[PDB]
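Novice: Pasting a structure here, questions to come.
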Amino acid sequence: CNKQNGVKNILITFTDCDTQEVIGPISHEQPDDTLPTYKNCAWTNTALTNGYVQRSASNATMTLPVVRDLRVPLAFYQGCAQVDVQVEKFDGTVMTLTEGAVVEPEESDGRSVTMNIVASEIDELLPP
Amino acid sequence: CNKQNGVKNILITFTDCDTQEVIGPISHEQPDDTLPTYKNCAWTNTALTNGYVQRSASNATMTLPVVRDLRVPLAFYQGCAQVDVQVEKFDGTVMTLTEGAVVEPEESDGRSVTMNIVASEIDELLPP
Amino acid sequence: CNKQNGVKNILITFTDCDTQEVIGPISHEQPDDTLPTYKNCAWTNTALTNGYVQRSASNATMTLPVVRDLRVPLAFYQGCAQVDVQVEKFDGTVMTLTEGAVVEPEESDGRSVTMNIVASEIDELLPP
Amino acid sequence: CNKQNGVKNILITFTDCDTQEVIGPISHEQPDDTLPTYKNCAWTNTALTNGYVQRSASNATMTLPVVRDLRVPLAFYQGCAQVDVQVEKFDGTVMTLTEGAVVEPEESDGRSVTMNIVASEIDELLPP
Amino acid sequence: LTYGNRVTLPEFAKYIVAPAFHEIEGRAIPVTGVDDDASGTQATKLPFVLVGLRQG
Amino acid sequence: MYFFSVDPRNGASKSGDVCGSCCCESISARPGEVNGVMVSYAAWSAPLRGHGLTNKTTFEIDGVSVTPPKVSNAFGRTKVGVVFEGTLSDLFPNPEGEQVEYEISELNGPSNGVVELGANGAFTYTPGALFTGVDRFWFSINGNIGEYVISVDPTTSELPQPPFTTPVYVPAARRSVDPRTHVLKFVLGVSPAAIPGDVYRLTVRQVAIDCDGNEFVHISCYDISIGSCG
Amino acid sequence: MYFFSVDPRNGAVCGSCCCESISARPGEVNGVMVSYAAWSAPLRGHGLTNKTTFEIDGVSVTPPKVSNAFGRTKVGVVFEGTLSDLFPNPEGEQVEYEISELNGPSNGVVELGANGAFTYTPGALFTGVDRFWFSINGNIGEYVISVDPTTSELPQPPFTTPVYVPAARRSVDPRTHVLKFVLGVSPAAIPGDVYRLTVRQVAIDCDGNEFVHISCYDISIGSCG
Amino acid sequence: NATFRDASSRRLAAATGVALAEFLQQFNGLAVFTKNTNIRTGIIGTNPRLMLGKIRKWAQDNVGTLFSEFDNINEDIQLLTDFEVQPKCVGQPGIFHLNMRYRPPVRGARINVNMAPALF
Amino acid sequence: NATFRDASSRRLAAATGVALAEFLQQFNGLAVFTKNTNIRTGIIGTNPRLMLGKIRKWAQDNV
Amino acid sequence: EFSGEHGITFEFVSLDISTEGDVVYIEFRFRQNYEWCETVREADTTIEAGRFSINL
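Chains as they are written, first to last, in UniProt numbering: chain Z, 3 to 130; chain C, 3 to 130; chain A, 3 to 130; chain P, 3 to 130; chain R, 5 to 60; chain S, 57 to 286; chain G, 57 to 68, 74 to 286; chain D, 379 to 498; chain U, 379 to 441; chain B, 120 to 175.
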């Protein structure tokens, strides 16, 4: 309603990169109140001395917790399947990401996973 | 019934790597509200630069807290016997792990152990 | 007008999630003048700064006190069975809750229980 | 119908946990009008998000006030003696409990104690 | 007995009062009010017991 | 008994016009039944403050799915008191005479006489003594049902002709209209010769009247579905 | 006593086609009540009439093994008969006969001989019809005897059908719209058989016209209750 | 009448029909009070309003998968008892009328493209 | 009928008989109020209903 | 004894005695709690089964 912050839609598409089979795009639901976090600029900076800075190349990062869908195996969330993700917030913004790769897999219990997606670039759609 | 996140059955089968004796499959009970946690993907990932990733080989991990059964010696839980574990959740999922090995044992008090099991691969069943 | 507030009918259907047996729908009687309390919006809000708000996901809750029926076991009210409840006020309003689950059971003496039911969504009928 | 609420008989059996000597079953008398409380389900629930719920293991509890019997030491009520209790109401219900353990002792005055018994499971006998 | 969870006066007077004291020959009289009449309720020979509802 | 409430012909509609309407109300019928139908014009004639309805209703039976019958019908004649003989084999034009089983179902037998079926498509109808009129009976050749009418004169000359009752019909004069409550009653009789699965359409034209004697016409339709076991 | 309710014909247990269900044990004679109250009460009139019509059809019959036989003896005179030419005993089998005492004669006594012979002594001073039910090696049949009052003869009654409805035992209650009738099951009815009874009841309006209604019930001849 | 155009719509409509048919059968027996609308205490029973509530709840779960959105739920799903509609002379307990509003889930279709090239 | 088919079933029945016997042994030398069950304070007593209760408890435990 | 026989209990409230001439009045005042049961407990409106359906 032009104010309320939060996530509204989450779409995920799995492609297992051995058999080359695609699943989705399947929707998902947030497991708690926390929201996904982002980092779009693929150029991290490092503080030199006297006002300068070293500009190196890095990755577009994204941190996303979701409830595991009981028709997709857990391995596809643990990093054995390339993911294509899309998040849409209430305020109209959308963040799309293609050819993602789950890095640094974290131990999960089977119903709520936290994926650390790394991709070359994330796209916005700044609400009109 | 559907929508109940929790464990229902935990089967463990001990095999001594010294005398080749077998014990089990014995049922166990959760000591608290924490659930066993899982990781199926046997390939860890590392964040390289510019969207790439270094896919290396790794193991399938499992974290399982259980109440020690007063008939099986404590040593069998502290990493002195090969274990075959099998869990079932309430929503139908059942995860099987064979010929695992308890790695990095932790101190215990004699009534509730926390096993960090490592194995080659874990299979899921994905309730219909 | 606004016909006098109060409950007229309470229907409850018990379903055991172990033997898959069904009991009901059995009617019940209010033990006192307190009325069952409801909350339909499945999204809580949290107060941010400057008029904003963080809209996250949540449940639909229900508070219902009823006199135990001397044919249904007491455990079925303390959260050993999935409940399907239906209330109808005097002014025509009827609220339905399906496949709910009793959360955080409280001590009861054996003749008047107070169930804190949680469910995905409650439907309202809004008398004509 | 539903004959008057209230308790009729209370039986208690004490077994010292050191010398394994048994005393009882002795009867007792309510000190006031209040009644014992119960919780049978050995699985508490916790409110997750979006209607789901986490079903963990827990203990069946029972809170019961009685007048101290002047032939049993007060220590046997304060949690120094394993107890087996049975209650029978006017309407025909009976609640039995075996291998109970008085937990969280509360300071008493020597003539009226309130025992918080915890047991693995409490059994009913819903009246005819 | 009627009223499975209750006992109406007559039943009180004939089942609780009567099998008690044998010096009243079953003269446990159920009355409407205990003071409904003092000129009539003082003729039954001594001793005797009345039973009557005060207020519901 | 069927009870229908007519449309009001005023502004909005009624009865599932949500996504339109089959445009005809439905009437399930079973071959042989004779039921009663009531139509309430209270929704349409009450706002027309006047003298309600009149006894000027008119009906129309039209078949949208008939499945023409296999066995044809026949007509017989005889004098009073004298026994009638007849055949039942020339009424079934067939591609084969495989196992033709002439059968007279007792549920729809004669009304004022008795029938003795022969061995091969013959029958003897003995009309009741001291009786003269029309009498029918429904035969069943190899499942296919037809009727035979043997109307009997009192040996004067003859009765002219019975009208060979249709599969579905509305009797001539059994209708009525109550101007006090705006209800029209009429009976619906369906012959036992109706084929399950057929669909007919009955249209009703009913006229009301204002306080001065003028007319307000209204037209409705109903689809009669002939289903066995119903 | 069976109790059924009729559909009030509004298009408002279909089973297989429409017809209802009635279990039945061989030999019993039960009663059925059907309430037309739902169908005839809105048609305010003079209730039902006593013009019901019943019809029995078998959709599963299991043609009988043994056969029946007649008899036309006289009054007071003893009758002799055989029971060997009834069962065709196709495959070589013992012809062991039996006369069940539950379904014996009504005004006489039989004397089962050693080989399918029986001697029927009718009751003295009695003229009429009598039946009994034999069981030739498990399969049940009936034998009917007509004792004649020594003048000339007596007519031939019809061999009773497995499932039947008595001739005149039906009734209608116009004040409550209830039809009462009787269901008779022959002891020769083979378990597993299924018959169909169809009824055509006529109600009447205040002017003397008619309203027809047709229904069925499927009678399942089941053994052991 | 766009609704009955795709075969998908027809198959999904048959699916909803058979699903509702196999679902309603838990209202057999039951006992449905319709005069005092006050079920007693200790007797399995239901009231027409309660039944409508149940039906609505049901139709509010299969939405998106079988139905699509149910614009005005207050009107798309209606349950009228025999006595309600018919002025009470020809009324008989047991008869009910349910009417819903099928709306096939909207699917994808043509995507008109108007790419217009230019330089720089 | 397949209850007492396997010898194991028979042996188990024996093991349960002896256990049930040693259990019931506790119900010796005590009262059994069976008309006005209101077991007085400070007396070792029971009534048929409490017996049935304890029996069902033991049974449901050994399941 | 009666309460033990049927499970019905009363409350004692007060005891007053008072004499007059050659008679002593001993006055107990008891109070009895219960719940009143709906008696109507009649037959149900109908018996459900077969409904109807128009998923136009």
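We treat Cβ as the ideally placed atom computed from N, Cα and C, and that holds for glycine.
Helix, strand or coil, according to DSSP, for D:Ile433 in the structure here?
Specialist: Walking along the eighth sequence from the start, residue 433 of chain D turns up at place 55. Helix, per DSSP.
Novice: Below 9 Å between beta carbons: does that hold for G:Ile117 and G:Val233?
Specialist: Translated into positions along the seventh sequence, residue 117 of chain G becomes position 56. Translated into positions along the seventh sequence, residue 233 of chain G becomes position 172. No.
Novice: Give me the Cα-Cα distance between C:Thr48 and Z:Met117, rounded to the nearest whole angstrom.
Specialist: As a first step, residue 48 of chain C is located in the second sequence; it is residue number 46 there, counting from the start. As a first step, residue 117 of chain Z is located in the first sequence; it is residue number 115 there, counting from the start. Using only the alpha carbons, I get a separation of about 13 Å.
Novice: Can you find at least 3 beta carbon pairs, one from the stretch 101–117 of chain S and one from the stretch 152–159 of chain S, that sit closer than 8 Å?
Specialist: As far as the Cβ criterion goes, the stretch 101–117 of chain S does not touch the stretch 152–159 of chain S, which means the pair count is below three.
Novice: Just to confirm before moving on: does the CB-CB distance between P:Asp125 and P:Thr98 stay below 9 Å?
Specialist: Within the fourth sequence, numbered from 1, the residue matching residue 125 of chain P stands at position 123. Within the fourth sequence, numbered from 1, the residue matching residue 98 of chain P stands at position 96. Yes, the Cβ-Cβ distance between P:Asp125 and P:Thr98 is below 9 Å.
Novice: For D:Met478, which residues from the same chain have a beta carbon less than 6 Å from its beta carbon, with the 5 sequence-adjacent residues on both sides left out?
Specialist: Position 100 of the eighth sequence holds residue 478 of chain D. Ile455.
Novice: Could you tell me which whole alpha helix (DSSP H) segments of length 4 or greater appear in the stretch 446–472 of chain D?
Specialist: Whole alpha helix (DSSP H) segments, 4+ residues: 451–454 and 460–463.
Novice: According to DSSP, is B:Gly123 part of a helix, a strand, or is it coil?
Specialist: Translated into positions along the tenth sequence, residue 123 of chain B becomes position 4. Reduced to three states, the DSSP call for B:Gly123 is helix.
Novice: Taking buried to mean at least 16 other C-beta atoms within 10 Å of its own C-beta, is S:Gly88 buried or exposed?
Specialist: Within the sixth sequence, numbered from 1, the residue matching residue 88 of chain S stands at position 32. By the neighbour-count rule (16 or more Cβ atoms within 10 Å), S:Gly88 is buried.
Novice: What ranges does the beta strand (DSSP E) occupy inside the stretch 139–215 of chain G, keeping only unbroken runs of at least 3 residues that lie completely in it?
Specialist: Fully enclosed beta strand (DSSP E) runs of 3 or longer: 140–143, 178–183, 189–197 and 200–208.
Novice: Classify P:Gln80 as helix, strand or coil using the three-state DSSP reduction.
Specialist: Translated into positions along the fourth sequence, residue 80 of chain P becomes position 78. Note: P:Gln80 maps to helix in three-state DSSP.
Novice: Check whether the Cβ of R:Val35 lies closer than 9 Å to any Cβ atom in chain B.
Specialist: Here residue 35 of chain R is taken as the residue at index 31 of the fifth sequence, counted from 1. Cβ-Cβ to chain B under 9 Å: no for R:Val35.
Novice: Do A:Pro107 and P:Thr46 come within 9 Å of each other at the CB atom, strictly closer than that value?
Specialist: Looking up residue 46 of chain P in the fourth sequence gives position 44. Looking up residue 107 of chain A in the third sequence gives position 105. Cβ atoms of P:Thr46 and A:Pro107: closer than 9 Å.
Novice: On the criterion of 16 or more Cβ atoms from any shown chain inside 10 Å, does S:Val170 qualify as buried, or is it exposed?
Specialist: For this step, residue 170 of chain S is matched to residue 114 along the sixth sequence. Exposed: under 16 other Cβ atoms inside 10 Å.
Novice: Please determine if the stretch 178–196 of chain G and the stretch 131–149 of chain G are in contact, where contact requires at least 3 C-beta pairs separated by less than 8 Å.
Specialist: The answer is yes - the stretch 131–149 of chain G touches the stretch 178–196 of chain G, with three or more Cβ pairs under 8 Å.
Novice: Quick one: using the 10 Å Cβ neighbour count with 16 as the cut-off for buried, is S:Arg261 buried or exposed?
Specialist: What you label residue 261 of chain S is simply residue 205 of the sixth sequence in a count that begins at 1. By the 10 Å Cβ count, S:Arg261 comes out exposed.
Novice: CA-CA distance, C:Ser122 and C:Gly8?
Specialist: Translated into positions along the second sequence, residue 122 of chain C becomes position 120. Translated into positions along the second sequence, residue 8 of chain C becomes position 6. Looking at the two C-alpha atoms, the distance is approximately 25 Å.
Novice: In the stretch 94–108 of chain G, which residues sit with their C-beta less than 7 Å from some C-beta in chain S, listed in chain order?
Specialist: Cβ contacts with chain S come from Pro103 and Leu104.
Novice: Less than 6 Å between C-beta atoms, sequence neighbours within five positions excluded: which residues of the same chain meet that for Z:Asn11?
Specialist: Residue mapping note: residue 11 of chain Z aligns to position 9 of the first sequence, counting from 1. Result list for Z:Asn11: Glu90, in chain order.
Novice: Would you kindly work out how many angstroms separate the C-alpha atoms of D:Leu497 and Z:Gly102, rounded to a whole number?
Specialist: Sequence index remark: in the eighth sequence, residue 497 of chain D carries index 119 (1-based). Sequence index remark: in the first sequence, residue 102 of chain Z carries index 100 (1-based). Rounded to whole angstroms, D:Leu497 to Z:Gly102 spans 33 Å at the Cα level.
Novice: I'd like to check one pair, S:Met94 with G:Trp100: are the Cβ atoms closer than 9 Å?
Specialist: Here residue 100 of chain G refers to the residue found at position 39 when the seventh sequence is read from its first residue. Here residue 94 of chain S refers to the residue found at position 38 when the sixth sequence is read from its first residue. Result no, Cβ atoms of G:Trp100 and S:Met94 do not sit closer than 9 Å.
Novice: Please report the residue range of the alpha helix (DSSP H) in which D:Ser387 lies.
Specialist: On the eighth sequence, position 9 is the one that residue 387 of chain D refers to. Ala385 to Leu402 is the span of the alpha helix (DSSP H), which, as asked, contains D:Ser387.
Novice: Between A:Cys19 and A:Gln84, how many whole angstroms is the CB-CB distance? I'm expecting something under 8 Å.
Specialist: Residue 19 of chain A sits at position 17 when you count from the first residue of the third sequence. Residue 84 of chain A sits at position 82 when you count from the first residue of the third sequence. Going by Cβ atoms, the distance from A:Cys19 to A:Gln84 rounds to 6 Å, so yes, they are a contact pair.
Novice: Please decide whether residue 189 of chain P counts as near chain B, where near means a Cβ-Cβ distance under 9 Å.
Specialist: What is shown of chain P runs 3 to 130, which leaves residue 189 of chain P out entirely.
Novice: If you follow the beta strand (DSSP E) that G:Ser232 is part of, which residue opens it and which one closes it?
Specialist: Stepping through the seventh sequence from its first residue, residue 232 of chain G is reached at position 171. Segment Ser232 to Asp234, the beta strand (DSSP E) holding G:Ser232.
Novice: Cβ atoms of G:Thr221 and G:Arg192: under 9 Å apart, would you say?
Specialist: As a first step, residue 192 of chain G must be located in the seventh sequence, where it is residue number 131. As a first step, residue 221 of chain G must be located in the seventh sequence, where it is residue number 160. Yes, Cβ-Cβ distance for G:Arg192 and G:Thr221 is below 9 Å.
Novice: So with Cβ pairs under 9 Å, would you call C:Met97 a contact of chain Z?
Specialist: Start at 1 with the first residue of the second sequence, and residue 97 of chain C comes out as number 95. Taking Cβ atoms only, chain Z reaches closer than 9 Å to C:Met97, which makes this a yes.
Novice: Does the distance from the C-beta atom of A:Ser29 to that of D:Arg418 stay below 9 Å?
Specialist: Along the third sequence, one-based indexing puts residue 29 of chain A at 27. Along the eighth sequence, one-based indexing puts residue 418 of chain D at 40. Yes. Within cutoff.
Novice: Could you check if G:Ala85 is buried or exposed, using at least 16 other CB atoms within 10 Å of its CB as the buried criterion?
Specialist: Residue numbering aside, residue 85 of chain G sits at position 24 when the seventh sequence is read from its first letter. When all chains shown are included, G:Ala85 counts as buried.
Novice: Using the Cα positions of D:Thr443 and S:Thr110, report the straight-line distance between them to the nearest angstrom.
Specialist: Translated into the one-based positions of the eighth sequence, residue 443 of chain D becomes position 65. Translated into the one-based positions of the sixth sequence, residue 110 of chain S becomes position 54. Taking the straight line from one Cα to the other gives about 53 Å.
Novice: So Z:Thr100 and Z:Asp86 are in contact, right, with Cβ under 8 Å, and what is the actual spacing, rounded?
Specialist: For the purposes of this step, residue 100 of chain Z is taken as residue 98 along the first sequence, with counting starting at 1. For the purposes of this step, residue 86 of chain Z is taken as residue 84 along the first sequence, with counting starting at 1. Indeed they touch by this definition, with Cβ atoms about 5 Å apart.
Novice: Should P:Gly102 be flagged as near chain A, meaning a C-beta pair shorter than 9 Å?
Specialist: Taking the first residue of the fourth sequence as 1, we reach residue 102 of chain P at position 100. So, not an interface residue.
Novice: Return the Cβ separation of D:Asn425 and D:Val441 in integer angstroms, given the expectation that the two are a contact with Cβ distance under 8 Å.
Specialist: To locate residue 425 of chain D, count along the eighth sequence from 1; it is residue 47. To locate residue 441 of chain D, count along the eighth sequence from 1; it is residue 63. Not confirmed; about 25 Å, so no contact.
Novice: With DSSP as the reference, label G:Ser101 as helix, strand or coil.
Specialist: One-based indexing of the seventh sequence puts residue 101 of chain G at position 40. Three-state DSSP puts G:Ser101 in a helix.
Novice: Taking R:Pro14 as part of the beta strand (DSSP E), name the residues at either end of that continuous run.
Specialist: What you label residue 14 of chain R is simply residue 10 of the fifth sequence in a count that begins at 1. Taken as a continuous stretch (DSSP letters only), R:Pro14 belongs to no beta strand (DSSP E), being part of the alpha helix (DSSP H) at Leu13 to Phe16.
Novice: Got a sec: which bits of the stretch 20–53 of chain Z sit with their beta carbon under 9 Å from any beta carbon on chain A, in order along the chain?
Specialist: Taking 9 Å as the Cβ-Cβ cut-off against chain A, the residues of the stretch 20–53 of chain Z that qualify are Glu31, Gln32, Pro33, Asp34, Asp35, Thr36 and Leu37.
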